[PDB]
Structure formats: C-alpha cells, structure tokens
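Quick setup: one chain, the form deposited in one PDB entry, written in structure tokens, and binding and motion questions come after.
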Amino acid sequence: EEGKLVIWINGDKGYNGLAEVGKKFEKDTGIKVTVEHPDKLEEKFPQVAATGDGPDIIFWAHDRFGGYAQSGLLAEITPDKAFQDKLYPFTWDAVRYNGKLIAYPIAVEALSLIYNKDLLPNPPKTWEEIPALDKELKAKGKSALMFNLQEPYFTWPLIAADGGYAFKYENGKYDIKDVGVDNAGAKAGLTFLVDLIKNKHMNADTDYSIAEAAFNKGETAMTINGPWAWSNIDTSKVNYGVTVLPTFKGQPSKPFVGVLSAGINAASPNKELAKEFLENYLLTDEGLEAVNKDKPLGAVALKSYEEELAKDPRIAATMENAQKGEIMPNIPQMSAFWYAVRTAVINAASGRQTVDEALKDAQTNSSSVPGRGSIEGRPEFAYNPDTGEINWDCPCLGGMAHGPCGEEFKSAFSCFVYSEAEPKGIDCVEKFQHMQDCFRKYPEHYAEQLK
C-alpha cells in the first residue's frame, strides 16, 4: 500500500495513456503505478475514502473537489511558486477551496456541437431550427441529434441559455441561497428539450453509449459531446467537424466548463511520490501528450503545451464554447445541484412530471436545507447501522424525538440516517423542511433556529 500508486480516473478518458505515464514512472523510480476506472467513482470515492481502501490519486472535473475538500478527503497540495507559473492562473482558481489548493489542474473541457459533414454541410446556427432539420432528413433512421439525456451535464447548456444558472456568482463568492433553476429561462430551456421528445425527434432514454454508438455508425447528423469523444470518431472514419453549439432564443448555449483535476487522497501513504508523478511526469509535455493521444483532454492547463496546439480547430471550438458558457463552482453544494437537475430533467423527459413541477422540486433540492444541525453530527449516534434500529431516547438526540415536533423530527432523522442517496439525505429535503416548519409553531420551545 505504501510502496506504490493506484490512481483513479473516469471510463471515458485515456486511462491506458495514463498507464503509459505510470510505466514511465515505474522505470526511473521503481514504483508500480496502477490505473483503475471504476463506475460512479465521483460518488464511490467519498464512500471508500473514509471506510478503508480509497485510491492514492483521484481524477475528476473540479466541481466535485470542494465537497471532498470539505469532507477532509484530500491532501492539500504544495506546488512551489515556480511550478505554479507553468499553468494558467484561471485553472489554479478552479482548484482553490478557501485559499488553499486542493488538486492539480490537467485540462479544461467543455462540450461542443459535433457536425456530420457529408450529411449536414452547414451546421445549424440556432437550436430552434433542429426540429425542421430532423424532419428534412428522415426516411431511414436519418435523425439529426442524439446526445446523452441521462446525464444533466449535457442537457444543461440548453437550460442555461436563456437565464438558467446554478449558484449566482456575487461578490467573488458563489451564493448558495441564489439558485436559478426555477426561473423563466431554465423553464424555457427544458420545455424545448421536452418538445424534442414530444415530437419524436429524440428518445427520453438515450444513454451515453446509445448516443455515441448511433453517431459513430453514421445515423445522426449531430451529437453533443466533449473532447474525450473525438478519438473514437477518428476511428469511425466519419468526416466530422467541431463547432459552436446552436443558439437557443438567440442567446448562446452555456456549457458548464469542467477542469480535469487530480486530487491526492488525505489517506495516501505515498503523498510525496504522488507529487513527483503529477508535477514531474504527467504535467509535462511528453506526459500530457501520452494521455491526449489516447483520449483528448481538451485544452490543457500547461502553458508550455497549449499555444502550439491552439491551431487545432476543434480545440478552438471547444474554447469558444467554454468562453460562452461558465466555469463550474467547486463548492460542496454542487453534488446536490446535479442530483436536483438529474432528477428534474429525467422526470420531465419521461412525462413523469411537468417542466414547472420538475424544476420546482429542482430549486428546493438545489437550495440549502434547514435543520441539518439537528440531524447531522452527534445525533446520528442514535442510529446503530448494524440492526438499523434508532434509540429515540439517546441523549445524543437532545430530547428532540419527544416534544411538539417530535414526530416530525423522527421523520427527518430516520429519513437521513437511512438515506443511501448521494449526497446523503438529498432525498429527505421535504421532511427537513416540514420539521423546521414545525419548529416555528413553538419558537419558545425550539431555539434550534438561533441561526
């Protein structure tokens, strides 16, 4: 465990090409480096991290790192002043959580509209002309676009285009009370997506694989994917191009911009070797190229690499989108935001719910939830995860189970303590709300609302 490195990275990125860096390391350090690509590792990491085996180093987009940093799951990083100049200021900004760097930035990624020349020589400038493009081209399975409708990352650029946003960026810090998924604009974005599924232009259950496989084969004129896709489309031998995303209601489409980042685990026996690896083998030109060859990272964080590769019109298109869109927050609430919007988009797309109804929930689930203080922490001792029983008389509950709002507290607590959702308890929002709403009838009783 102490003798070697086990790195984690998502299935879509170039893990073999990283394995090539790992072997290059092994050679002149005598330190084996294993690359693994599990499923749902962004969620898997905080599980195993505190509960035994986690990896030495973890790759993900920066948005999740603030959460892990808050949970104390990451070693603070120590790249000297000299090394910091090798990478763009703004990429460093993406991995700072409360004035301390928490990961290395690798590459900056935003998804783009992917042409299909030979099918569509002149890509649609706007969104709203899509329905009249799929209808101009249909007699086989001659469809115009197929993108992942299972992940909110892909649907979001639409929802954001006309005024949708996650957390408002006000006064140099993101305000977790200002959520824009309920607004006129988001509501419009989603109505369109729903009107594509309604008018049979898309299928509500289109996976990443379903979308890629259908495009690669040559069925769809367009897809929406990021830089890690290109590599499989070269293989496809499909005459493709990469460009600005269509403009919904005239306003630009706004992709949430990801910065691939590499965190060292707070519980990594080998924290000194991890630095060596990342700083001195990966974040080198010969290092980043090894990966990039395998699955294109996008635009990299390395200055000394980037400008000699800004000619490449796909990178330039990626970057155009990146600048139209907005950089993701790293703050812990992001975990919840994604949950909120994933449920919301999917619940709409299936008719399960109306746009209004859906995004109504989305807004509340994204928002801060009161009475957490009464539930998280010491009170959780009342729950022994072996039997699954709860002692409602545990003094750790601070008497809360009995009293005018006892029944309500029991609802919220048990909910959160049983919650298997990610993030923990995100499914218990209504009940926490109800419980706080109850506390209000008896304010002389519950100074649980002193802030």
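Note that residue numbering follows the sequence shown and begins at 1.
FYI, the form deposited in another entry isn't displayed, but the following is about it.
Choose from 290, 223, 257, 226 the one placed at the hinge of the motion between the shown form and the other one, with one rigid part turning against the other. Of 290, 223, 257, 226, the hinge residue is 257.
How does the CA gap of residue 302 and residue 252 change in the other entry versus this form, closer or farther, if it moves 3 angstroms or more? Distance between the C-alphas of residue 302 and residue 252: shorter in the other entry, by 3 Å or more.
Closer or farther: how do the Cα atoms of residue 288 and residue 235 compare in the other entry relative to this form, given a change of at least 3 Å? It is farther: the C-alpha separation of residue 288 and residue 235 rises by at least 3 Å in the other entry.
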